[PDB]
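# Descriptive analysis of the structure
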Amino acid sequence: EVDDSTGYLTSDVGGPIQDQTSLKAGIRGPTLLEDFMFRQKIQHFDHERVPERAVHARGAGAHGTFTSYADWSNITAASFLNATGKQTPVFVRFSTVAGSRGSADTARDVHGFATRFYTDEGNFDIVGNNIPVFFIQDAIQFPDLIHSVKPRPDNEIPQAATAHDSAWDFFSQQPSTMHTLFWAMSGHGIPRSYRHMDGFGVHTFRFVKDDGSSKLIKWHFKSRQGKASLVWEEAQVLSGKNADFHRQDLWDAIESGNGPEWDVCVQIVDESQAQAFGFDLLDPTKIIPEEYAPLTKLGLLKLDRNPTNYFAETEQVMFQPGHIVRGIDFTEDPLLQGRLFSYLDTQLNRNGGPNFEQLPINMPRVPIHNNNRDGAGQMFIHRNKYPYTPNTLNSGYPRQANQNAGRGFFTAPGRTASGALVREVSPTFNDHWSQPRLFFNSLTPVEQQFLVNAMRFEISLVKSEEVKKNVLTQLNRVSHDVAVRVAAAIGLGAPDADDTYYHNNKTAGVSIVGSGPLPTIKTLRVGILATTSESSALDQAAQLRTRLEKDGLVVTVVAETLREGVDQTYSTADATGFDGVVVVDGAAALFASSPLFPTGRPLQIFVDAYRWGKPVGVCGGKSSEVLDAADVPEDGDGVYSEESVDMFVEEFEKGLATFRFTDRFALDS
Amino acid sequence: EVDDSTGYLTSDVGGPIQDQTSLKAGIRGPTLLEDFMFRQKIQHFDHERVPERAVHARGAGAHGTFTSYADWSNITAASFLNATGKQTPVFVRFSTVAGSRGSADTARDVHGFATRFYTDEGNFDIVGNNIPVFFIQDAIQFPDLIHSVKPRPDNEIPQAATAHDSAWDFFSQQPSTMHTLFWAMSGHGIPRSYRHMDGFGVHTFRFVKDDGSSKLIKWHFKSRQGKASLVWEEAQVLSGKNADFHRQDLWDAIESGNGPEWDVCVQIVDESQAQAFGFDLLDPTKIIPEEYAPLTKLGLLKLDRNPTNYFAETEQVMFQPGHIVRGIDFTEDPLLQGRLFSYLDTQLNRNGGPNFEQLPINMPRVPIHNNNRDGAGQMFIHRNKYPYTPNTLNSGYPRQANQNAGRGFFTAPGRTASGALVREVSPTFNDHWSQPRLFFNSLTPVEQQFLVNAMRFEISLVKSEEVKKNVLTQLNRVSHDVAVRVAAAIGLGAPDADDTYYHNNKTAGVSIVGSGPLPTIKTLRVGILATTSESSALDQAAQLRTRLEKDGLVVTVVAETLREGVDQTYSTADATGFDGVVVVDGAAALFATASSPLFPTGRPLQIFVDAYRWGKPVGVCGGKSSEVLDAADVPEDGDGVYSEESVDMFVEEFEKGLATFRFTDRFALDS
Amino acid sequence: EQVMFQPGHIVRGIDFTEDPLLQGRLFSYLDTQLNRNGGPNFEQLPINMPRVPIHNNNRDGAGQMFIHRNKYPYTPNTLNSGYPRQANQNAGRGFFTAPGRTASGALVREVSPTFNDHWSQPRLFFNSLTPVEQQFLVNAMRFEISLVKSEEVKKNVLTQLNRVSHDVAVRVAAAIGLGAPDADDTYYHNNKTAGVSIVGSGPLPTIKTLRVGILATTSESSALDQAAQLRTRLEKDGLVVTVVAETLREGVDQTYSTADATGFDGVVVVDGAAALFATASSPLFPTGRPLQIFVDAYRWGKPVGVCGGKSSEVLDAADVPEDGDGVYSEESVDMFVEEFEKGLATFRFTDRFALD
Ligand code: HDD
Ligand code: HDD
Ligand SMILES: *[C@@H]1O[C@H](CO)[C@@H](O[C@@H]2O[C@H](CO)[C@@H](O)[C@H](O)[C@H]2NC(C)=O)[C@H](O)[C@H]1NC(C)=O
Ligand SMILES: *[C@@H]1O[C@H](CO)[C@@H](O[C@@H]2O[C@H](CO)[C@@H](O)[C@H](O)[C@H]2NC(C)=O)[C@H](O)[C@H]1NC(C)=O
Ligand SMILES: *[C@@H]1O[C@H](CO)[C@@H](O[C@@H]2O[C@H](CO)[C@@H](O)[C@H](O)[C@H]2NC(C)=O)[C@H](O)[C@H]1NC(C)=O
Ligand SMILES: *[C@@H]1O[C@H](CO)[C@@H](O[C@@H]2O[C@H](CO)[C@@H](O)[C@H](O)[C@H]2NC(C)=O)[C@H](O)[C@H]1NC(C)=O
Ligand SMILES: *[C@@H]1O[C@H](CO)[C@@H](O[C@@H]2O[C@H](CO)[C@@H](O)[C@H](O)[C@H]2NC(C)=O)[C@H](O)[C@H]1NC(C)=O
Ligand SMILES: *[C@@H]1O[C@H](CO)[C@@H](O)[C@H](O)[C@H]1NC(C)=O
Ligand SMILES: [Ca+2]
């Protein structure tokens, strides 16, 4: 870390200098080439940018730690997992997928959840998503997926969105994508925060024990903050009002001592069970339903420290699935296999040089011993002048590490191969439709409506008639009902039911809206709509504040202008900034124009909050009546009307836990 | 151009190949290192991105042409300007300033307007903004301005916005910024499209004649589509609903044969007049008011062709003020001076190598003769095997070009220097406040309110009390009234009036809302809110369509679901998508506690009410039209509100509202 | 400088094998061009471009020189009618892996036992060289091993050499003053193979472009006339001729100052220059240079000769044996060339090199 809280400005080589005026040939003359102060400064500036990540360009990171719950030697040789209470430092970066680095956090997308464990046996990365399955079955297809999903190559439109022809052309032609597509079209596409989503490794990996035996595994990072998601119409506004929402949220949660947590869990099954669940475990488009393999809690992951310099830490972190440790191994998942190549190659693009692992954020916490040399930006000075193997002149050091010496990584010895070299897809990968259906069946009826609505939204933006038809064809193979309801919005006849893959199986744990109340409401945001006219209004506010802040909530008092007790103005305020909204009684005048905010804003905030399914309430005497003026039903679920401050809070806090009031949304017929 | 409409897939060296399945050791086996089809394709993918521009990362471009109105030999030796009707190909890129790639078009920012003329005497670049003055007086300060304005370096927040502590800390400590700050806080910060804004060179340059004499100049690109801007509350929504608004607009205008146009104009003054206007002309924080130097129309710029590949053309274009031609020269503007270094250096970052001028979009349209050799990505094979001067072995070729031979570029010979080498600011640069005031005085009273409101918005998001006070201090030096009104929103006492720079001077042409109606309404967007219940509703729509489309407008018919005659659904619709909004009579049911599973609650009315509140021409067309408005709470008699039965008379009335564009009577003023 | 080769640059008709060296190469040559070119579009350099059209979905990258018309660069698409099409064995003449190729067993980081004989083939190679060639090889090894500072390393080198040939180990060990270890005959044998010998591959099939230096002088007017006549003959047979003298002038290509034996395949002294080869010095070239060139040429095994009357005697002064193989003594210009040209074809006269 470099401290600049005191001292005189120096060049990068420590020579004291100024940087405020150019060296000129006369007070009104031209600038001089010999002005080294100018050029060193501007050169640095001109070269500040690096290429954004090819995918997941928009994201944010935090430091934390992982704690093991046990000695897991019975399932894996992995050292960071070899003792109860063992702590390993971590760094995590969350992201969206499609958008470039300045795009909104709250676009509809799949989300990245990438974790580095700086273990005492090397860095170990789990590079996953908030959705357990992926669009495609072979890495070689990744540029096709990503080209079709990103903006059109002629005009670069649209940013951060699947709502255009190419995306759906691809989805409709590459049916493997149905499963992920359904997830992304659910609320999983628009989480309330990084903290309210899970992480998944997606691929099956292997645990490997010192004796050489292997089990097949799936990583799950379960959120201890519960699952929550925005509603579309809300997300769209939020993208404009606050592109930085998710990163703001994570930053704040950590500043206030509410670091988010996850249980790091696995599903463990046998090599013999590769095809025992009615799909191939090498297929990254499938889940093992919890019904057939329960989760084992391995340890706790917690984030509790923000970075100091975003660029130096978050922007420069370079994850790789290739960062593997003794005790884990890969599987023959053709998607995973390709990823191994990509992540090592791409860092050359980003770093401009081969020494990227020497950046502080990428360095390990243990010594490095190898014969890698030179390259641009070489930061070490190697003492071993015989960097070859085998050597005698350095006494055969460094020594080869493997299964039986030096705790080397080793491939699971059980793994075997047979048959011809082929560029052909396994027939076992052919069912693209059942699991999407399983997924859809497992959502609450409102969740289903939302998903249909998300699909109606996007497909209606697809200009091409032929593509729309091909979309309906694919959707229909998952559910006729879905096809029918989606088709209705774009004015086409859904094709005739095809029941090859229809079924009524459900799975637990994939639903957001059906996952019951939040286990905590700490850090949720409450907006209090007040006024500077009635002296009573601000007193009501102040009292609500003390009560609510006591329960870990984040409170904002809104008024026409700022002053003691007021956090922000009606001008800068919006419903998307709050998880629940409270009008204090004394502000009724405002809800029934001003040069200090746009017309109708105070009521707009409240009405929006209500329509998006948020806990809304009026606190005070004439509360009975402020609602009929607002057109909000007094008896309605999650609408709160009370005089007793202590009782209002108590009631409201139950609404914040329910989080979304789903009775306010129309269903199909 | 590379065609891929037919054929089999090939590697980059032309070997026919496949790219859909990896090569595996057995059908359920691991992928093989020897799979070159895989690796070549993924390597390419892994290396697609290049660093975004250090500033102006978010932008869009188009191809067009420039036509000269005359032989301008009397003022400049510049060849692209030497004949009536002379045609030079151009490429233009517009942009914001602070946002990264992917940030919304409709953030509040200064805007870039960068023009390449591919002249028959070399490439000539005018790299300017939609605002005629800049924040700072010395290029060496650029990183300070930019650091403070971009996201905070600890958490990278907020994207594309000056609404945070550091920016205002900077503005308040660096008063030179007041002028540009006022412009950015006006509607100039949020133009309706790239087409509805002007371009300015900002700096004073020199025109130079073959005899060696020079005049001082200022470039102005005046928009033939007129000036128009969004209102804040609308821009915020738009940023979410359509980050791509400006680029979609420009793309569309060009596809439909409505290429935007600008008059390329200059102010021309004498070297003797450097300090004759009460400010130094080397100061990029000042304008020459039109009152003291009228504009001369030099020629016409028109954009009429979209690029084929965005990355290859728009992303790769690399502008440079250093791209100068015979007939123009620089001035000692310490901001311009530094720019010269930066734009050449930064392309190394962006291109990763020194041969960036060899990219098709950066190539000139004339031959190249010099001794530059090698470098990564060298695309030429040079025949001259004696690339030094002086040589005899290539008969002294290429020959030196200068004033008197080969039509060489040459520095204005009049230019002189004297005094000491100094890192000192000229005292003539010291008035940071008069011109901002001049600018403010020149805006309509509503425009002034909007500007106060923009400042109220931002300053209220500045967390630090001290910084807020210093902002008020600076604002006060421009106008006590402004300070008072702004201070009111953040609950502080404006400091006591300081009249050193107060005055009542006005200047013409800087006002948007006061620039009268638009000269054309072609390409403006009209949304027609209909329904699929009443068969009458869609028929009303269809008839409005034929009538409105005939006048060059872009028409969207909105209903619950899609079908013949319906362009989009209520679900995907929003007021920000339209310049005016029309409800057809037969849809009254939808605007009256009714809900649908096909769109969010209250959407149809929300669109209309939004349109009205943002100052747009709104109307109901049909019989019961009188009554649909009272339900909507929109005043029937109000300016730009339209109520008629006669389709022909409705259009005629509505089209007048579109030209007025914004109805300013709906916005509250201070007291 | 910019040409960038790749074994991955393969065509329909050829395929790789499971050679663990070849396999790795495939990765390395694609990766390294990123280093050299600084960017992913190296195949767009003129020298690396193919002569046929390119159809694929690769896009962007720094230094992108194309402007692609296909705005749907993904597969599968319908929006560009499923183009470009997949090419394979049965369509579009696609590359394809040999279908016979199969795999079996475990994933292993182990060396095949079939790779374990490191010594027979070197021996085969050595046995197939002429005895002088063998001496030269021993001598190269003597040269290098004696520059190896470490005693232990020298011993380990002898160990390995010995396993190929005890003779070789003994001869090499002689120069570095160590005892070769005891014969180990596991891989010894007397098999020979054809075509791996240079010195034993008989005369050259052509002598066109070989370089002949003619050592003359500007004192005797006769010397330059002899030269000029040798030139016309020799140049007629496609040789490249350099006439060397003290200074330049018409008919002289280079000076003794800039001249050296390494610059010539054979060397001829014209009779009229005898004075130069006999304690005589000049400020125009270093002491002894003219003779040094000749003596060097002879000692390196090159065809050397004197052309003229007093040719019999210039050699005894030079200490070059008149009767020696590839030494040429004649008065008749036509018969000198004819004899010399045979020496040029033999190229190296191996009888001048001592054996063990
Ligand atoms: C072979 C191509 C390829 C394929 C099939 C995938 N990825 Fe990837 N991924 C990349 C190639 C890639 C990359 C282009 O190499 C990136 C971009 C920046 C980087 O360092 O790696 C990357 C970025 C990246 C990031 C951002 C890391 C960060 O925050 O810096 C995450 C979280 C993932 N990926 C996760 C996945 C998951 C869960 C996949 C499905 C199993 C997946 N990727 C398939
Ligand atoms: C000393 C540094 C410096 C200063 C004082 C300025 N600029 Fe700049 N500008 C750059 C350094 C720079 C740059 C970093 O070199 C850029 C970024 C990307 C590029 O190629 O050049 C650039 C980009 C850039 C672009 C984008 C062109 C495109 O679309 O590719 C425009 C329109 C401008 N500038 C205009 C201006 C104006 C009107 C200025 C005030 C008079 C100005 N710049 C001051
Ligand atoms: C591997 O060892 C761990 C270490 O205790 C086992 O975890 C415990 O399992 C028993 C049930 O078998 C429970 O009563 C404990 O509460 C578990 N503790 C924890 C922290 O999980 C684990 O079961 C063993 N697994 C196998 C496959 O042998
Ligand atoms: C858990 O973690 C580390 C894995 O390296 C182990 O501690 C190491 O143990 C070996 C002894 O075999 C030492 O040579 C290393 O130097 C130790 N390293 C550190 C960092 O302490 C430990 O053995 C493992 N525990 C179990 C129960 O397997
Ligand atoms: C729906 O659920 C049933 C019940 O588990 C599944 O049928 C079983 O599948 C497993 C795995 O293939 C088999 O071992 C059993 O023989 C089946 N059991 C019974 C009781 O029928 C079925 O596979 C599921 N279908 C889908 C499409 O998910
Ligand atoms: C430079 O020459 C041009 C060439 O015509 C002059 O422009 C015209 O000026 C005349 C006479 O005042 C006007 O009637 C026209 O409006 C101009 N024509 C066009 C097409 O612009 C210009 O005035 C000359 N300027 C100077 C300083 O000599
Ligand atoms: C306008 O500019 C063009 C470009 O310089 C001039 O045409 C050139 O004239 C020179 C002679 O001075 C010729 O050698 C070139 O062949 C011409 N260039 C081209 C591209 O054709 C033209 O003469 C200029 N007109 C005036 C009035 O100066
Ligand atoms: C204001 O305008 C008048 C007339 O243009 C001019 O004389 C005066 O100097 C101006 N003063 C300032 C401060 O702009
Ligand atoms: Ca580079």
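Structure: above.
Heads up: these notes are all about the structure in this document. (Residues numbered from 1 in each chain as written, not as in the entry; some residues may be left out. Chains lettered and ligands numbered in written order. Part of a larger assembly, values for the part shown. Heavy atoms only, no water. Residues with missing side-chain atoms left out of burial classes, pairs and counts.)

## Some remarks on the coordination of the iron atom of ligand 1
Among protein residues, the single donor to the iron atom of ligand 1 is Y343(A) (OH), with a metal-donor distance of 1.9 Å. For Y343(A), the position within the fold is in helix α8 (residues 334-351). (Donors = N, O, S within 2.8 Å, 3.2 Å for Na, K, Ca; no water. Helix = DSSP H or I, 4+ residues; strand = E, 2+ residues; numbered from the N terminus.)

## Some thoughts on the site of ligand 1
Around ligand 1 sit 26 residues in total, of which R53(A), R93(A), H203(A), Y343(A) and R350(A) are the nearest. Lying at an intersection of chains, ligand 1 is approached by residues of chains A and B. Between ligand 1 and the protein, one listed contact pairs an oxygen atom with a side-chain N or O atom of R93(A) at 2.6 Å. Side-chain polar atom of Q347(A) to an oxygen atom of ligand 1: 3.1 Å apart, as the coordinates give it. Every element with two or more residues in the shell around ligand 1 is listed here: β4 (112-119), β5 (122-129) and α8 of chain A. Of the residues in the shell around ligand 1, the class split is 13 nonpolar, nine polar and four charged. (Near = heavy atom within 4 Å. Polar contact = N/O pair within 3.5 Å; in protein donor to acceptor, adjacent residues only side chain to side chain. Nonpolar A, V, L, I, M, F, W, Y, C, P; charged D, E, K, R; others polar.)

## Looking at the side chain of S229(A)
Of note, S229(A) is situated in the loop between β8 (214-223) and α5 (232-241). Since its relative accessible area comes to 8%, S229(A) is described here as buried. (Buried < 20%, exposed > 50% of the residue type's maximum accessible area, 1.4 Å probe, protein only.)

## Regarding unusual backbone geometry
Residue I157(A) is joined to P158(A) through a cis peptide bond whose omega torsion reads 0°. Tracing the backbone through its elements, the reader meets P158(A) in the loop between α2 (142-149) and α3 (165-173). Along the chain, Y397(A) connects to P398(A) via a cis peptide bond; the corresponding omega equals -5°. With respect to the element layout, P398(A) can be found in the loop between α8 and β12 (416-422). For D631(A), which is not a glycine, the phi torsion comes out positive at approximately 65°. Summarising the element assignment, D631(A) is placed in the loop between α16 (623-630) and β18 (639-642). Of note, the phi angle at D60(C) is positive, near 60°, even though the residue is not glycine. With respect to the helices, strands and loops of the structure, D60(C) is situated in the loop between α1 (20-37) and β1 (102-106). Relative accessible area serves as the criterion here: at 15%, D60(C) is assigned to the buried category.

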